[PDB]
Amino acid sequence: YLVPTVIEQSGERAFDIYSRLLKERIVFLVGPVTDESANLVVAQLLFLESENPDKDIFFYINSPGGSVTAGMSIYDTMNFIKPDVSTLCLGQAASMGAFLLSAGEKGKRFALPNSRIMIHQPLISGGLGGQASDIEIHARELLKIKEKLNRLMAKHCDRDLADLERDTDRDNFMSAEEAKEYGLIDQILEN
Amino acid sequence: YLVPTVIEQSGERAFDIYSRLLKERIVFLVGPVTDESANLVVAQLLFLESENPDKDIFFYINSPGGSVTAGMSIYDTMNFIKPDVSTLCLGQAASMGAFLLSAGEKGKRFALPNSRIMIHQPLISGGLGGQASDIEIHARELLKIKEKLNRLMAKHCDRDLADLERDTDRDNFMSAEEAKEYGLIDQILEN
Amino acid sequence: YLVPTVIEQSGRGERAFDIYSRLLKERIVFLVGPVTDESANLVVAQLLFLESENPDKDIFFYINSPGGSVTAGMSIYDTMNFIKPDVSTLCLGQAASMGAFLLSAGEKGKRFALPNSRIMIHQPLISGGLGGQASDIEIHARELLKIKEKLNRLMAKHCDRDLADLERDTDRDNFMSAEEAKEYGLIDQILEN
Amino acid sequence: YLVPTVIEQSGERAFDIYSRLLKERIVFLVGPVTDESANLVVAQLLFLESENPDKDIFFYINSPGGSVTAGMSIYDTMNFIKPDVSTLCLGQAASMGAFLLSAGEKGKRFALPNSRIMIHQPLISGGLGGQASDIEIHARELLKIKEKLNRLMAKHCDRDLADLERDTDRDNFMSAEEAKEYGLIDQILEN
Amino acid sequence: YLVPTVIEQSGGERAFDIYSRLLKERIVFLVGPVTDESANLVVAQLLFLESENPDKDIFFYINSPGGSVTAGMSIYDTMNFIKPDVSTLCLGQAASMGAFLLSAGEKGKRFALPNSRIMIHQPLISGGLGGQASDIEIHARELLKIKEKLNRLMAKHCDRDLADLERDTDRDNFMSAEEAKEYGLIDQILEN
Amino acid sequence: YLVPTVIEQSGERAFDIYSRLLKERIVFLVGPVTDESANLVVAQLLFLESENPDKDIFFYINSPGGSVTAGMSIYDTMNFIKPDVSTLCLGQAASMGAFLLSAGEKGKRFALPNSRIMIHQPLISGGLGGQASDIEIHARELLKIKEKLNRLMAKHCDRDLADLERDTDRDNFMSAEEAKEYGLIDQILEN
Amino acid sequence: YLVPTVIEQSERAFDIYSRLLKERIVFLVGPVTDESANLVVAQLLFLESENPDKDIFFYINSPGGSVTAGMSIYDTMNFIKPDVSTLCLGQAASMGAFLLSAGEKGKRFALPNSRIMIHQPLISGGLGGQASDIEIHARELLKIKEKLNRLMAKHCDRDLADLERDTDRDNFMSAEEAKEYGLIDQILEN
Amino acid sequence: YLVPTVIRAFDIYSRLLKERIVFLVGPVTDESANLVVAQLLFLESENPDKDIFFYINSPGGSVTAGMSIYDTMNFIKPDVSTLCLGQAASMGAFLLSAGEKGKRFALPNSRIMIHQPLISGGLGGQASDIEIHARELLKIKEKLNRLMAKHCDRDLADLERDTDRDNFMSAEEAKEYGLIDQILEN
Amino acid sequence: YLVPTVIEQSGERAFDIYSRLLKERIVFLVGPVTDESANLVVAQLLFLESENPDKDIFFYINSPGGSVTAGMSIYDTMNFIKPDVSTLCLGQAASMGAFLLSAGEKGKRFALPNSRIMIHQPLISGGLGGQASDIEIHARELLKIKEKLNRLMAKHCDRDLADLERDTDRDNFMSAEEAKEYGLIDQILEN
Amino acid sequence: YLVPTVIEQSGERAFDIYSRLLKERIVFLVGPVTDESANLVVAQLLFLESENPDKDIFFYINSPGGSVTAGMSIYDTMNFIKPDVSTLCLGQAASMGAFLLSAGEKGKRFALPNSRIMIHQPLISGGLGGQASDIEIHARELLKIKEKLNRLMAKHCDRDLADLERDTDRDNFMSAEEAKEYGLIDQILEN
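Order-wise, the sequence lines are chains A, B, C, D, E, F, G, H, I and J. Mapped onto the UniProt record's numbering, the consecutive letters of the first sequence carry residue numbers 6 to 15, 18 to 198. Mapped onto the UniProt record's numbering, the consecutive letters of the second sequence carry residue numbers 6 to 15, 18 to 198. Just so we're aligned, residue 6 is where the third sequence starts under the UniProt record's numbering, counting upward by one. Mapped onto the UniProt record's numbering, the consecutive letters of the fourth sequence carry residue numbers 6 to 15, 18 to 198. Mapped onto the UniProt record's numbering, the consecutive letters of the fifth sequence carry residue numbers 6 to 16, 18 to 198. Mapped onto the UniProt record's numbering, the consecutive letters of the sixth sequence carry residue numbers 6 to 15, 18 to 198. Mapped onto the UniProt record's numbering, the consecutive letters of the seventh sequence carry residue numbers 6 to 15, 19 to 198. Mapped onto the UniProt record's numbering, the consecutive letters of the eighth sequence carry residue numbers 6 to 12, 20 to 198. Mapped onto the UniProt record's numbering, the consecutive letters of the ninth sequence carry residue numbers 6 to 15, 18 to 198. Mapped onto the UniProt record's numbering, the consecutive letters of the tenth sequence carry residue numbers 6 to 15, 18 to 198.
This is the structure:
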C-alpha cells in the first residue's frame, strides 16, 4: 500500500500519515499480532513515554489476534510505562486483540459502536509433535497460558475466574454493548 | 505501479499525486477492503478532521467489497468525526463498498453516471470448521452481522428492514439511477 | 495389500476364497477404516446378502474405524435395524465417531469390545462445507444441528441414557476404554477369551 | 476396495456381491452421478428388462448428486423400460439423486428412516466463459434445465410448479417423513 | 468402476461383463469423450458386429459431450461403410461430435430419449496453433476445411441447406429432443 | 523497470520522466485496465483539471483492455472534468482501451499510423458460479453491460446501435484507417 | 477403457482386439511409441507365421510418434512375406502417414473423411550439451529428414524434390488429395 | 511386486498361511492389521490347538491397529508364537513381546526398539481439545508401558525409564530385557 | 541490479547512469519489447524532441524481440517526432528489435561489428483458442500483421516485398555485414 | 545485499561503494552475463570514455559466463571506445567471461594468482525446437558463433585457429600461469 504523506505546520515537516499520528500519541495495532508488529508497538510505547510520561497514549486496535508471547510484550509494556494507555477497538478486537483492548487503563477502554469483540481460550501456541513426553510438556504449557489469560481477563473485567473460564471455552462474540456489560470496555464512542 | 509526482505552488512542495489529493480532502478507497486499506482510510479521516473539523471530506469509492470488520472501522470513523463525509462511487461500489457509499452524509452521496452499485447479504466472515458447536457459533455471528448490515442499510436508504432483506438476498446490481431511486445515493454527477 | 487366499473344504473338492470372502461365509462383516459411500455400501450389500442366506442367524459386524460420513454410516445403521437377523457388533482397535455410533447400534446384549479397544464419541464436524451466502450458511448450519440432535438422540436411546447426558458427553472428543464404554452403555460385554 | 465374493447355489456360481444382488434385480447408484456410473445403471436397467420385463427392479440410491445429463439417461431409461423401477433412499438422495428417487414408480418410492433427502435448483451444468454471447447461451440453457427439473419434480410430487420453484431455490434438506409429506417418497421402511 | 457380471443361458452358461452381454445383442456404447481409444473400440465393435450378422441392425447408444473430430470420423466412416444399418440413440446428451454421430445414424432410425440434450456447434481447436505465422495459417486453413466438412455432412444428415447449418452451428446450439427432431438430427423420440 | 530522471529548467527540478510528462498534461494508460491503474488515471485527470480547467488533457492509450468498472471510472472522469480529453492510440487500443479511445473529445481522437484498434463485446465481468439463480443474475448483469457499452460506442461513433451489435459480436480488429472510417477516431497522425 | 469380450464359434472367449487379430487385423492407434510399435511388430511376425501368404490388414489411426519406433514397424512390414494392406481411419499423420504410404502398393486405403498429414520430422531428441553435440544431433536429424523424404518419394512415385517441398510444413490432405499425391491407392465407401 | 506362485496354485504367502505363518511386514495400518486379524481368526478355526507363527518385520504403526492384533492374539485359543525378522520397532516390538511366553523369538541380527508413543493423532483446535488429546495420549502411554512391563516381567518403573527415548536392543539385549525368550540360529 | 550513480559537472547533479546518458540523447531498448519497456522508449523519445527538436536521438538496441504492438508504439513515435532517430545494434537486434533497427533514419542505422541481426515472420500475437470463428479472426489478423511487417521492412531495406517474404519465412540470422548488404543497416562501426 | 556508502572528500559527496569505484574508472562484471548486466557495463564504458577518452578503464571480471550476444555488446564497446580497457580476472573468468578477459588491451590483461580461467565452445545460444528446418537454421547459427568465438580468441591469444578449436572442445580450465602461457592474459598480479 502507498502510505500518504502529510505536512505538519510548525517551517514544515513531511510525515507519512502514521508517523504524523504517532506525533499525536496514537499507536496502531492492525492485523495479526506478530513478533515484528508487537515490537513496533512496544517501541512506540517506549518512545511516547520518553516524550511525555504524563500524557495519555491512544492505542487503536483492529486485530484478529495473534501470538500470545507477542501480545504479552505489548501487555507488559502497557502496564509498565507511566502514562495511561487508552485503548480503542476499531472494526474488531479478537483473541489477543481483545486481551489488549481489555488491558487498557480502566475507565479509558473504548469501542466504536459497530465494532466486534471476541474472547476465547488460546489455540496452539506451537505445534505438539515429537514424543508423548514432549506433547505432555507443551500441553502443560498451553494450559498454564490458558489459566494466565483467563486470570488476567477476569482481573480486567472485574469478574470471577470461573466466569471467564465458561465464556472463553468457545469463540464468544460480543457487540460493543455486550463487551461494555461484560467489562472488556468502559465506554462506547459515538461522536 | 509508479505513482506520479506533482508540484504544489505555495516555494514548492513535491507530492505523490495521492498525497496531493489528500491535501484537498480527497480520500480514496480503491480495491478490496482490508485491515490495511481500511486503516489508511481511518488514518486519513482522522487526520483531515484535525486539519479542519468543519470542511467536508470527499471519500471516493471504487471497491468490490471486502472485510466487514474492516469496512466497519471506516464506517464508525465516518460517523464519529465532525466533518461531513461525502461519498462518490467511481466504477463500482459493491458489498461493503456499497455500504460505505450509502453511509455518506445524507444529501452528499454521489455516483458517476455509468457506475455500478451492488448490495448483497454477507458471505463467509470467516470459515466454519471445527465442531458443530463451533459452526453454530459462527453461523449465529454471521446472522447477527447480516441483520446489522441490513438494518444499517435500511436506515441509510430510508427503507423498511423488510425491503433490504428481500433485496440483499442475492447480488442486487443497480445503475446509478436505480441506486438513487433505492436510496443508496442522493445525486448523480454529470458535469 | 495382498489379500491371502484360503481353501474351504467341501465334499471331495475345495473352493478357493480370499480371506474376507471366507469370513463373510461365516457371517462376519468388516468395517475397516473411514466410513465412505463405497465402504458403507459394501457393508449394506453384505448385510442384505447375509439376511437372505439365513434370516435367523446372527451377523457379526467387526468395526475398526475412525469415523466417516454420517449419511454413509446411516445407510449401514438403517440396514442393521431393518434386516431380520440380529447384528452383533464388535470393536477392534477403535470405534470412533460414526464407528462408535454403529458399535452402539448393535443388537442390545450383543455389543462387544476387545479389552484394549478405544471408543470415542463426539458431536459431528462439517457434514459438508459452509460457503456461499449467509442464507446458504444458515441452511447448512441448521442441517448440521438437526444431525447433531439426531445422533445424540439415537445414541441416548442405544445407551439407555438421557439426551442431556449425550449432549454433555459428545461436546468434545470423549475417549473411553472398553470398561468405560460398557459402563456408559455403548457396549454390553468385553471379550477376553 | 475389495468386493467380496459370494457363492450362489443352483452346481455353484461365484459372484462378486454386486453381481449377486443384480441377479436379484437390485441396481445400486452410489456416489456421484457421472457418465460412467449412469451408463452402468442404464446397462443394468436394460439387462434386467430383458431378463424379466414384468418383475420390479429395485434401484438403491445413495448419492450426493451429479451431472444432470447423466441423471437424465437413468431417468429416461427408468421411464422407458416396461418393469416398474422401485427406488430406495439409503443414506442420502441429494440433487439428481433426489430427482431419481422421486422418479421411481409412484407407490414404490421408499426411504430408510434416517436417510436425508435434499432438493435444489441445479448449479453449473458447465462453465460460463467465453464471450457475453456464449455466456448468454449457457445461462439460457441452464434456465431451461432448471425449469425442466422443477416441472418433472412437481409432476413426481403431485405439487404445483410454483411450489417446487420456491422449495428448490436453496438447498432444501428433508427427513424421510418430510420427503413423504412433500411427495418425493411414498413410504418409509422400518422392518 | 466395478462392471457387473451377468450370466447368459444357452444350449450351459456363459459369464459376461454387462457390456459384453449387451454387445451380444448388438448394442455399442459411446460414453464420455470421443478419443482415439474410445473411438477405436466403437470401430472394433462395429466391424465385429457386421461379421456376426451383416443384415441385422446395430444399436449405437450415445451419451457423449464430444471429442476429437478425427476420432469421431473413424466411427462415422465405419458406420457408413459397414453393411448393417447403424441405429443411433441419444441418452443424456449428444454434443459436438456426439451430435454429429447421432445425426449420422441410418435415416429413419435416429432416436433420442425424451429428456436428452442435443448440442451442435462449429469445431474448436483441432490442435494448437503455435509456431510461426506460416504454421498458424496452415492450421487455421485446416480447421476451416473441417468446419465446412462438418457443416456439409450435418446439412446432408438433416436435409437442410448448408447455409442453415452455418448459422446454427456458429455458437453452441442446444436443442431438446423435439427441437432436434424438427431440425432433422433425429427421426423419432422414444417414450415406451 | 528503471524510470529515467529528467531535469526541468525553471532553478531546477528533477522528475521521473512520467511526472515530467504529466507536467505537460500527458496521462498514460499502459497495459491492462485495473482498479489501481484506472484510479491513477482518474487522479491525474482530476489533478490536471485543477491545474488548468481550460487546457486540453492528452490521454495516451496503449492497452489490451481490462476491467469494465475500472474503465468506466476513467470514462466518467473524462466526461465530467471541464477540460477536453484528447485521446491517442499507441500500439493498440483493445476492448476497454478502444472504448476509452473512442470516448475522447470528438475531433480530438487520434491514432498513430500502425496502431491496432479492436472492439468486442465484453467477456466475463466476474465468474458465474453458485446456483442457477446466481448465474441468472450475473448473466443479466453482463447483458446490461454489453448493451451499455454498445450504446455508448454507437454514440461515440455516430453509428446505429445495430451496427455496434453486429461489429462487436467477435473480436473486430481495425487499422487506424478503418477505425477512422468506423468513427472510433477522428484523425491519424503522421508528423 | 473396458475392452469388450466376444465369443468365437468353432467356444473361445476373446477380447475384441484379439478376436480381430485372429482375422489378421492389426491396429496402430494413437502415438507411435517403442511399446506400441513393438506390439505391431509382434503381431506382424505372429501373423506371418500363421499364414505367410494371406494379407495382413494394418489399420492406422495415429497422430505420429517416434521415428525409430515407426521404422521398426516399417522394416517389419517390408520384411515379412505377406502383403501388409494399410487403411487410414480418422487420421494418419507424420509417421502414421509414412506407415500408411508404406503399405503394399495397390492395397493402401483410406476412409472417405480421413485426414492424412505429411511433414518433415521435428526433434528426434533434444539438442542440448555443447555445440559439438548439437552439431551431431542436427546432422542426424537431417539424415533422418532425407531418409524419410526419400522413402516417401519412393512410396508415392514422386521426385524427392516434390516431397522436400511438400513436407516443409504440415501438409494436410483429404483422402482424395492423398490418392492423387500417391500416399494411398483407393478410397473405400462400401 | 510380483508375488511368486508355488504348487492347486498358491501365491507364496497363501502357501505359508497354509502352514500357519502370518506375516506383519512394514507399517501397522488399519488394513494391514485387519489382514493379520482375519488370518489369526481363520487359523484358530482351521485348528484351535496348533500354534500360529507370527513373523514380524515392522517399524511400528498405529496403536489402535496394533491393539486389534494384540487383542486377537490374546483372545484366540491357539498360542501365537512371534518371530522378529529384520526389526520389531514401536508397536512391532509390542506385538513381538505379546507372543506366547516361551515362544517369542528373534533372529540373531534382528533389531528391536521400544519407545513411548508419538502422536496418536494431531493436537490442533482449542486448548480444551489439546488437553483432551494430551490426556488420551498419556493414557495410551501408560497402557503400553503397563502391558510391556507385564510381557517382560519387569516393573512399570523400568519400562517408563527405558521407553522415554528410542531404546534400541540387539536380540541378546531383548532376551535379557524380557521382550523375547529365545534367539534362533539353526 | 544496482545502477551506478554518476556526477555531472555544470554545481553538481547526481544521476543514475541511464538518466545521465538520456541527457546525451541516448535511449536504450534492452531485452524484450513489452508495453512497459516500449512506453519508456516512447516517453524518452517524446521528451527528447521537446528538449531539442533538431538534434539526433541515439536509440541503442539490444533486444531479442517482443510484442508487435509495443514495438509499433516505438516505431510510430520514431517516425512522428521531428529529430532523426539514429539506431545502433548492440549484441543483437532480433524480430521487432531488427524491425526497429531498420526503422532508424536512413543513413544513420548502425551495427557493431560482432552484433547479430535476425529477421523473421511474427509468431503468435496472441493465442488462438475459442471457436473456429474466433481462430479464423485471429489467423486473419496475424496475416495482416505479417504483411504489414514485411511491407515496412521492404520499404526500410529498399527491397521488393517478395524478397522479405522469402527471407522472413524462417529465422534469418545475419552478421552486421550481411545486414548492411541486405539493407537493414547503413554502416558498421569500428572506432 | 546492502551496498556500503562511502564519503568522497572534495565539501563531501556520498556514494555507494560501486559508484565510488566507477569514479576511479573501475567497472565490475560480476556473475552471469545478461542483457541487463552487459548493458550496465556498456553504459559505464561509454560514460568513462566521455569523462576522459585517454585514461585507462579497469574492467574487473568475476563471471561464470553468460549470453554470447550480451558479451558481444561489451566486447564491441571495449574495442570501439578510445581508452584502453584493462581487464583483471578475480575469482574466475569462464566462457564469455574468459572471452572478455582475453579481449582486454594487449599488455594490460591481468589475473590474480589463484584465479581460474576456463574457455570452451558455446552451448545452446537458444533452444533448438520446432521443425527440422528450424533446427538446421539454429544449428548453423550456433556453428557460426562457435567459429567466430574461436577466431576472435585465437586473435587475442596470438594462436592458430586450429589450437583454439582443439582447446575449446571441452571445458578447458587454466590457472593464471597457464592462461598467461596460453595467451589469454599478459601478467599475473601479486602485490
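All C-beta atoms in this analysis are idealised placements derived from N, C-alpha and C, irrespective of residue type, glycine included.
Exercise. Who pairs with C:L7 in a beta bridge, going by DSSP?
Worked result: Position 2 of the third sequence, counted from the start, is the residue given in the question as residue 7 of chain C. DSSP, once it has assigned bridges, lists no residue as partnering C:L7.
Problem set entry | Helix, strand or coil at F:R123 according to DSSP, with G and I counted as helix | Position 116 of the sixth sequence, counted from the first residue, corresponds to residue 123 of chain F. F:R123: strand per DSSP, three-state reduction.
For this session: Please list, in chain order, all residues of the same chain as B:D174 whose beta carbon is under 7 angstroms from its beta carbon, the five residues on each side excluded.
Result: In the second sequence, residue 174 of chain B corresponds to position 167, counting from 1. These residues qualify, in order along the chain: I126.
Exercise. Quick one: is E:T175 near chain G, going by C-beta distance under 7 angstroms?
Worked result: For the purposes of this step, residue 175 of chain E is taken as residue 169 along the fifth sequence, with counting starting at 1. Chain G contact via Cβ: absent.
For this session: Could you tell me which residues DSSP puts in a beta bridge with D:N179?
Result: Working through the fourth sequence from its first residue, we reach residue 179 of chain D at position 172. D:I126.
Exercise. Nearest to J:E148 by alpha carbon, out of J:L159, J:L130, J:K162 and J:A161?
Worked result: Looking up residue 148 of chain J in the tenth sequence gives position 141. The residue with the shortest Cα to Cα distance from J:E148 is J:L130.
Exercise. Are the C-beta of B:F54 and some C-beta of chain A separated by less than 7 angstroms?
Worked result: Start at 1 with the first residue of the second sequence, and residue 54 of chain B comes out as number 47. Yes - at least one Cβ of chain A is within 7 angstroms of the one on B:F54.
Problem set entry | Span separating the alpha-carbon of I:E58 from that of F:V11 | The residue you call residue 58 of chain I lines up with position 51 of the ninth sequence. The residue you call residue 11 of chain F lines up with position 6 of the sixth sequence. Computed Cα separation, rounded: 10 angstroms.
Problem set entry | Beta-carbon gap between I:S109 and I:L191 smaller than 7 angstroms | Position 102 of the ninth sequence holds residue 109 of chain I. Position 184 of the ninth sequence holds residue 191 of chain I. Yes, they are a contact pair.
Exercise. Counting pairs of beta carbons, one from the region 155–167 of chain B and one from the region 88–96 of chain B, are three or more of them closer than 8 angstroms?
Worked result: no
Exercise. Any residues in the region 140–153 of chain J with a beta carbon nearer than 7 angstroms to a beta carbon of chain G? Which ones, in chain order?
Worked result: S140, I142, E143, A146, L149, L150 and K153
Problem set entry | Own chain, CB closer than 6 angstroms to D:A100, minus 5 neighbours either side, in chain order | Within the fourth sequence, numbered from 1, the residue matching residue 100 of chain D stands at position 93. For D:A100, where only same-chain residues beyond five positions count, the Cβ hits under 6 angstroms are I68, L108 and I124.
For this session: Note the first and the last residue of the continuous alpha helix (DSSP H) segment covering D:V48.
Result: Here residue 48 of chain D is taken as the residue at index 41 of the fourth sequence, counted from 1. Counting along the chain, the alpha helix (DSSP H) containing D:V48 begins and ends at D42 to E58.
Problem set entry | chain F residues whose Cβ lies nearer than 7 angstroms to that of D:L135 | Residue numbering aside, residue 135 of chain D sits at position 128 when the fourth sequence is read from its first letter. Result: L135 and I142.
Problem set entry | CB contact check: H:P71 to chain A, cutoff 7 angstroms | Position 59 of the eighth sequence, counting from 1, holds the residue named residue 71 of chain H. H:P71 does not count as touching chain A.
For this session: Using alpha carbons as the reference points, say which of G:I64, G:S44, G:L171 and G:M103 lies closest to G:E31.
Result: Here the question's residue 31 of chain G lines up with position 23 in the seventh sequence. Among G:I64, G:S44, G:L171 and G:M103, the Cα nearest to that of G:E31 is on G:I64.
Problem set entry | Per-residue DSSP class, three states only, for D:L135 | Translated into the one-based positions of the fourth sequence, residue 135 of chain D becomes position 128. Residue state, collapsed to three classes: coil.
Exercise. Going by Cα to Cα distance, which pick from F:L97, F:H145, F:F117 and F:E56 is closest to F:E188?
Worked result: Counting from one through the sixth sequence, the residue named residue 188 of chain F turns up at place 181. Measuring from the Cα of F:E188, the nearest candidate turns out to be F:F117.
Problem set entry | Sheet register partners of D:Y67 (DSSP bridge) | For the purposes of this step, residue 67 of chain D is taken as the residue at position 60 of the fourth sequence. Per DSSP, D:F35 and D:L95.
For this session: Report, in whole angstroms, the separation of the C-beta atoms of E:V8 and D:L47, which I expect to be a contact under 8 angstroms.
Result: Mapped onto the fifth sequence, residue 8 of chain E falls at position 3. Mapped onto the fourth sequence, residue 47 of chain D falls at position 40. Indeed they touch by this definition, with Cβ atoms about 7 angstroms apart.
Exercise. Going by the CB atoms, is the gap between H:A186 and A:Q128 shorter than 7 angstroms?
Worked result: Numbered from 1 along the first sequence, position 121 holds the residue referred to as residue 128 of chain A. Numbered from 1 along the eighth sequence, position 174 holds the residue referred to as residue 186 of chain H. No. Outside cutoff.
Exercise. Below 7 angstroms between beta carbons: does that hold for D:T84 and D:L52?
Worked result: The count along the fourth sequence starts at 1 and reaches residue 84 of chain D at position 77. The count along the fourth sequence starts at 1 and reaches residue 52 of chain D at position 45. Contact: yes.
Exercise. Residues in its own chain within less than 7 angstroms of F:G114 by CB, not counting five upstream and five downstream?
Worked result: If you number the sixth sequence from 1, residue 114 of chain F lands on position 107. If we look at F:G114 and ignore the five residues flanking it on each side, its Cβ neighbours are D193.
Problem set entry | Cβ neighbour criterion (16 or more within 10 Å) applied to G:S15 | The residue labelled residue 15 of chain G in the question sits at position 10 within the seventh sequence. Counting Cβ neighbours within 10 Å, G:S15 comes out exposed, since fewer than 16 surround it.
Problem set entry | Delimiting residues of the beta strand (DSSP E) encompassing G:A21 | Here residue 21 of chain G corresponds to residue number 13 of the seventh sequence, with the count starting at 1. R20 to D23 is the extent of the beta strand (DSSP E) around G:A21.
Problem set entry | Spatially closest choice to F:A105 from F:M79, F:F87 and F:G72, by CA coordinates | Indexing the sixth sequence from 1 puts residue 105 of chain F at position 98. Residue F:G72 is the option with its Cα nearest to F:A105.
For this session: Give the straight-line distance between the Cα atoms of I:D165 and I:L171, rounded to the nearest whole angstrom.
Result: In the ninth sequence, the residue the question calls residue 165 of chain I occupies position 158. In the ninth sequence, the residue the question calls residue 171 of chain I occupies position 164. Using only the alpha carbons, I get a separation of about 10 angstroms.
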